[PDB]
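**Q** Below is the structure I would like to discuss, written out as structure tokens.
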Amino acid sequence: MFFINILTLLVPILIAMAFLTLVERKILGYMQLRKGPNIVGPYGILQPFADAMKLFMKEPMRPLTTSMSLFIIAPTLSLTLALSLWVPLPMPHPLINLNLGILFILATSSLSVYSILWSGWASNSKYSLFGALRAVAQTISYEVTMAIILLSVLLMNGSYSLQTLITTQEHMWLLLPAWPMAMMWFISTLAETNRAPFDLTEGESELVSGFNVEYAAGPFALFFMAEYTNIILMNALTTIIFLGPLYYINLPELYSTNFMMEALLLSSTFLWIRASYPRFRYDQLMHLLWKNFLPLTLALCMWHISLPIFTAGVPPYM
Amino acid sequence: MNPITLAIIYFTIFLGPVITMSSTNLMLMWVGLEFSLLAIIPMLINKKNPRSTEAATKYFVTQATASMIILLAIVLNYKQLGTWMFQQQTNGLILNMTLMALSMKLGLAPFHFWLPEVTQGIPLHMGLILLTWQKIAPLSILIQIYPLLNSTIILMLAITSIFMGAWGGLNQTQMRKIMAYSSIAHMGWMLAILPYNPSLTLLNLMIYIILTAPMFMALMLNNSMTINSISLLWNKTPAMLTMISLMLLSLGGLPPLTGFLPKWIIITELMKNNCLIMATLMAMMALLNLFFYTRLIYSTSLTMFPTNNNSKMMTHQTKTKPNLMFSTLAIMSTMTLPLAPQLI
Amino acid sequence: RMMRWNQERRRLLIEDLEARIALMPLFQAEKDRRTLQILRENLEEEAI
Amino acid sequence: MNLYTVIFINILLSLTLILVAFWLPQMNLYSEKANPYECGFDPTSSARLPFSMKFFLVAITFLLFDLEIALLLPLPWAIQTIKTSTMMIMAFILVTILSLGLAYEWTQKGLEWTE
Amino acid sequence: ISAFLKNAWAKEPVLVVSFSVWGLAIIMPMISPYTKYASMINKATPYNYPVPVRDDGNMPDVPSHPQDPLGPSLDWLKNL
Amino acid sequence: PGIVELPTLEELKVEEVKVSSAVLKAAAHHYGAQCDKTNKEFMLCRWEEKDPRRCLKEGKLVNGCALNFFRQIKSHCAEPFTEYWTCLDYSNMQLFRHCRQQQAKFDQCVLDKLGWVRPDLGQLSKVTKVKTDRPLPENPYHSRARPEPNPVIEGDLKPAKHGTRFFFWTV
Amino acid sequence: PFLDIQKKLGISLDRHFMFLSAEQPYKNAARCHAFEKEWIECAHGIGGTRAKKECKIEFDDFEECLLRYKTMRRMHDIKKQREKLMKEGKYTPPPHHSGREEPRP
Amino acid sequence: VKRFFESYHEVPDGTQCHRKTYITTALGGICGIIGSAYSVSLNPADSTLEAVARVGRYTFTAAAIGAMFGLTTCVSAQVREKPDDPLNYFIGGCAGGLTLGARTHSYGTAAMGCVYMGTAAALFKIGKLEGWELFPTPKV
Amino acid sequence: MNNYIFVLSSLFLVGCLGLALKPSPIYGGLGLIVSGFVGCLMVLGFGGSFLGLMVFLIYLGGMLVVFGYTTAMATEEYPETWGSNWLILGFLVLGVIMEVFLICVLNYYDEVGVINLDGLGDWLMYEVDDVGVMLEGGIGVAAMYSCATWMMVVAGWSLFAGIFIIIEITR
Amino acid sequence: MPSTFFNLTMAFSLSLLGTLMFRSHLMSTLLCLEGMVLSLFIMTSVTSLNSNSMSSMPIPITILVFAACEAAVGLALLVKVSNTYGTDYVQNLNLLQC
């Protein structure tokens, strides 16, 4: 039966990515005073399938200057990690209950970087190398803040498990004690996923399709869907950690539906943010996230160390 | 450099060995060795030239492998006995691997090919530190486990250090390498006796330090790095010839100076345990170690060399360099033989 | 709010651990005689 | 076996999808489309040359800060101890020392890039 | 210096908050009365079994059963 | 060299509970008040003596006291108790906060009949001073007789005879 | 050590987690705690050369608790003989060794 | 195996000339391999063939040293029956030095190695005869 | 599922082998990542979660910087991967052959004690505490804040001084 | 346990043989040092988990700390080597003999 549960956990996430594509296009359109796709389907509900089939029928590219092994194994790694991250997600009852869930998340994402970073190297081109180095700088910027933010947040939980936060947020969201941590985590999830304003790897008008310029077919489709899956994942994590929906042990479906609402709002916020602002420069990003977020992150780590103690609010171990 | 950085680095260099002593855990000893390693490099590389970069790279790469081998030995001991201390009834392979890694750390032959190069590629200071303050903690490791050690390869490493140090320093015009080969020979003398009454190891170590530090200061006082540069000393600083002579003739162990005391009592405590002919070989190659010291003090003191016309400005101007410890360290050496029972 | 909630959770944990305290001896005894049963089985087999 | 199963299944999904991408379509291979892009004209040189990066010091100190993350991360287990004062003071010392090092790097202009 | 702080709060407010929160984290534990209860709660959690003691006949401050008047009573965690 | 002395099978045959863990946790707090002397005597046997082979009858007494406990539950307060542990088993960590309306029913039934009061928050987590007719174990760990240490040199010391006997130094 | 500063000051910076039988965080005995305790209490007052021959039984017991070689060899011999018998058609295992038993509790 | 080289002393000189002979030859070949390793690692050749030629030269040279040493020792013990006499080892060491001067074309090296190897081998026999212990255990 | 740990150990061995053959730092760091993942998995197999996850995190963070630098300093026009050299390919294949042959040999020279292929999976965990809580790794590592507060001081000082060391080396 | 410990020892030995046997590059040597570190970490952690000695579990983290500091300074010296010679190769560090 575990395989049927894998189906229920895998195929709808892929449908949801494929339709986040349409939602992106239509929201960018209506924010641009235009209508997105409405031709291929009744309201464009078949444009993702058209895109996918067109990509998987285009001839791929195995250029001569490249390294085929990394070239092919990197999109595999990208999709595999983007789809494995969804596995221990409690919505409210997860598929794989791990006692160190967020460590699995962090490690899996820091390995997801290597898809971009090996694809850009195997693609023996200048723009691909630009993009790989930009990704190196990006990760160096955001990973420190990610780890310390999540540490200081779970310092009022008592564990790295994600099922425990559903009990920590039984009566209140963690957004109120920690809105600054939530802010910087949101921007970290934004720099993660290489999403705007921190695109900086597929920087169309700086790097003409960096880390993808030599990728044409289903490989490019793999990178694309991995991005659009990690987006929904990070929004799900935001709403699980901070915007804790309602558990109600009799009714888990209520948790699932409120989780759906909140993750939809956060993903729409990602698209809104893309449509609004321009791109950073990838040294402005490092300077920002080392000179504004890391001092404050350390200070709030100090505060959330002191706070369990002078409040006598230390959480429990299990 | 700036003062905060210097404070940090020198404090770390002081705490490397000081952690390595006051630490029963071998892991913390390894930590101290890594502190010394990590903090010495900014000062080997302070001038930022190819020689300094090469010296620092060679030092780092040679010391890191030895650190990893010592850590292998420690992990194997913990697996064997569930303890972070070299007991008895460990494995001789573990102990020998430890000893070889520490030999690579010190500079003993055949693990000696890195020390003259590195000492050449750095200023006169940081050769002093490298040869004195960095030999201590590696020796502390051996001192704490002297009954567990193999009397065979300890002596082979010693003898090889003596032979190679003598035959290396015989033909070096550069003084930064002569002092390194002297270090190699003296470490051979130490490690030969280390399984036999280890207090004499510390005796020879203190004697060697008290000799070398004044010598490196003597080279500092005019930035001397060559025989032809120390030969122009009767015109610049002609009041140092006496002490340089007596300290070189101490380094090469001669009787009335205290540099014969370590060799003498080491041969004594070896003859007490029937290490007769190895001791004879070491005593006889110490003479070859002495030959280039004799040539050196000939070159600078007894057959005063040609000088230059520009050396007269040096005569006009004044100096402030002797630090009031040159005299003390050079006079406790060269003159403290009758206090030998108070030394041992 | 989080102070009071975690204060209560550190009370429910005391309750649960106390249940574990009350049931330590039964599991200890059963585990003991089970291990001894298995060892006697192993020995009676090794004899033949 | 469950996590292994899920990861094997995702691996199979990706490999089957790439097999489809490579052996379904029609190919017309020739050297003018298999040679590198570089925006219309051909490369003046190779991409496998030294790429002078200008945040190397920030990369090293990211490595050190990752080690500091490692040291800080056992706190959700440390806080349940009985003392609560040695750990308080040691966490304060650790964080303050990390931030002091960051301030030194900032003032000595390591966070800036080599222009 | 008040004007320097009034400047540094407009230009570079991020570092002001960092230093202030650092000082606050250090200072508030000294001030609070609820700080001692953290160690006591960590000490009350019985992860390990409480091993009984043999009756010498000279242990009057120890109870001979769980629900006796003796022992460390946890009525401060309740109705805190 | 020496053999291990193990009991026989009939020395391990017990009237056992054959009962699940949720139903067990639901009655734990009363099984800590009642059936406590036997449990704690068994613990003192098992910890004072490090041999399970020398605490078997104590374990059988633990089992028997638990059987009598659950039988007194099966005579009065069987159905409220069934309701309680049946709601409790639904959880994944078997928590009490989700089943708190049934605790009241179970405790009221078992306080009316059998007069059992529930322990407070921290009553079961303190040493509890049991007595017994057993003797103390003499030399647990079966420690062998230690070797005697090397003797101390007794005496108020004096100068070295002829000073330092080094080579030719007189004093 | 070389510079016994900790004894000179009474502190214990690192000499309280040298060996297994030393104060684990929550009082969980490391395995062979008893054997290491016994070896260390036999080798006390004595130093070295004499403890290496007057507490050899205890060191052997500890070495067999920790690295656990004789039990490996014993079970290997048993399994070898059992395989030999089962290939000779002489031995059949009982119900409670092929996975068909009445579980105890 | 250490027993194979310790079997040099189970029967005295003048007996089993062949056994002692290629024992000592194996010993010399071992030491020559060590020397070749050190001479190829440090100061390498312009090609692996030159390096292997160097190794073979060193090794067969040292093997010749050891072969002539053992032959001459057991012969001069067989002739002029005196196994407890280091002069046989001296004569064998001189034969070794003369072979070193043959393979390395120099009479100066020949006489040098003769004197030095002969004194060394005589001291070796005096040590084996009187009970000298290189690499002693600490006793005091 | 008993040869799990031997498989993981042998894969770690192969990874370190291909590392020791020293191809370009790209494929070398790929081998590092594979071997660190495998080390995390075997540490999990022995009951250790936090240490393995931290291995993987720290080595990922390091290999990222290694890629950044090797694209800047340690790059050739022809990076010389494994198969580029018939000699290095032969050494790799010979290393795998010698792994297999030496394991088969040590499976014969001694019955058991070095490598046990017949008895495999029987000796992994060695006296688990079947009833336990507050038992995992993380408690020991968190003892750096209590009962091991020297390791924390000394590592913190290492990193603090490392910052200054790096600034001065790069200056 | 004994099998995997043997294999980890052999892996350390291979990484040691590597870092001893140089090639043109240097970062490969530093990577061999990292592999040695990894193998020693795994052996220490496996021993601590086998013996259930939680008091020694702070030791592998210290190993990682100091080892990544070693890698950091090695990488700094690598930057210096490149700035001087421009090509990262080890066969250019041959001017100290004179």
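Chain identifiers are assigned as A, B, and so on, following the order in which chains appear in the structure tokens; residues are numbered from 1 within each chain, and ligands are numbered from 1 in order of appearance.
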Applying 9 Å and only C-alpha atoms, which residues near residue 124 in chain H remain after dropping the ones on its own chain fewer than 6 positions away? List them as a list in words.
**A**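 In the requested form, the answer reads residues 86, 89 and 132 of chain H.
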**Q** As a PyMOL selection string, list the residues of range 13-100 of chain D assigned to helix (DSSP H, G or I) by DSSP on the backbone atoms of this structure.
**A** chain D and resi 13-23+31-34+56-72+75-78+86-100
**Q** Taking only C-alpha atoms into account, report as JSON, numbers by chain which residues of chain C lie within 12 Å of chain I.
**A** {"C": [16, 17, 20, 21, 23, 24, 25, 26, 27, 28, 30, 31, 32, 35]}
**Q** Would you mind listing what lies within 8 Å of residue 71 in chain H as a list in words, with only C-alpha atoms counted and same-chain residues fewer than 4 positions away left out?
**A**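 That gives residues 17, 18, 20, 21, 67, 75 and 92 of chain H.
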**Q** Could you save the residues just selected, with N, CA, C and O atoms, as a tab-separated table (two decimals), in the first residue's frame?
**A**
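Wrote out.tsv, looks like this:
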```tsv
chain	number	residue	atom	x	y	z
H	17	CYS	N	78.36	-23.84	3.00
H	17	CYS	CA	78.89	-22.68	2.30
H	17	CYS	C	77.78	-22.09	1.43
H	17	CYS	O	77.70	-20.90	1.46
H	18	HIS	N	76.97	-22.90	0.75
H	18	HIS	CA	75.93	-22.44	-0.17
H	18	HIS	C	74.80	-21.75	0.57
H	18	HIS	O	74.33	-20.68	0.16
H	20	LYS	N	74.76	-20.21	3.66
H	20	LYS	CA	75.25	-18.91	4.07
H	20	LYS	C	75.45	-17.99	2.88
H	20	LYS	O	75.15	-16.79	2.95
H	21	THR	N	75.93	-18.54	1.76
H	21	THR	CA	76.22	-17.74	0.58
H	21	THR	C	74.98	-17.01	0.09
H	21	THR	O	74.92	-15.77	0.12
H	67	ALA	N	77.36	-12.17	-1.95
H	67	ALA	CA	77.76	-13.50	-2.38
H	67	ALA	C	79.24	-13.74	-2.13
H	67	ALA	O	79.62	-14.76	-1.54
H	75	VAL	N	84.67	-20.10	3.25
H	75	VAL	CA	85.86	-20.74	2.70
H	75	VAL	C	87.03	-20.59	3.66
H	75	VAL	O	87.64	-21.57	4.09
H	92	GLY	N	86.58	-11.60	3.96
H	92	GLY	CA	85.36	-11.53	3.18
H	92	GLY	C	84.91	-10.11	2.91
H	92	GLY	O	84.46	-9.78	1.81
```
**Q** Within 8 Å of residue 19 in chain A, counting only C-alpha atoms, which residues qualify if same-chain residues fewer than 4 places away don't, as a PyMOL selection string?
**A** chain A and resi 15+23+45+48
**Q** What's the 8 Å shell around residue 26 in chain A, counting only C-alpha atoms, without same-chain residues fewer than 6 positions away, as a ChimeraX atom specification?
**A** /A:35-37
**Q** Output as a short mmCIF file (atom, residue, chain, number, x, y, z; two decimals) with N, CA, C and O atoms, in the first residue's frame the set of chain A residues within 10 Å of chain F, with distances taken over only C-alpha atoms.
**A**
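For reference, iface28.cif as written:
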```cif
data_model
loop_
_atom_site.label_atom_id
_atom_site.label_comp_id
_atom_site.auth_asym_id
_atom_site.auth_seq_id
_atom_site.Cartn_x
_atom_site.Cartn_y
_atom_site.Cartn_z
N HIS A 93 -0.09 14.07 8.84
CA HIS A 93 0.56 12.79 9.04
C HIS A 93 1.49 12.53 7.87
O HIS A 93 1.01 12.41 6.74
N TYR A 248 -6.58 19.30 15.16
CA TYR A 248 -7.88 18.68 15.42
C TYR A 248 -7.86 17.18 15.10
O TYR A 248 -8.37 16.72 14.08
N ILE A 249 -7.20 16.43 16.00
CA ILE A 249 -6.86 15.02 15.88
C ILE A 249 -7.96 14.17 15.24
O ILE A 249 -7.67 13.19 14.55
N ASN A 250 -9.22 14.52 15.48
CA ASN A 250 -10.30 13.85 14.78
C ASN A 250 -10.25 14.14 13.28
O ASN A 250 -10.43 13.24 12.46
N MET A 318 10.67 14.99 23.18
CA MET A 318 9.49 14.14 22.96
C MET A 318 8.44 14.31 24.06
O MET A 318 7.37 14.86 23.82
#
```
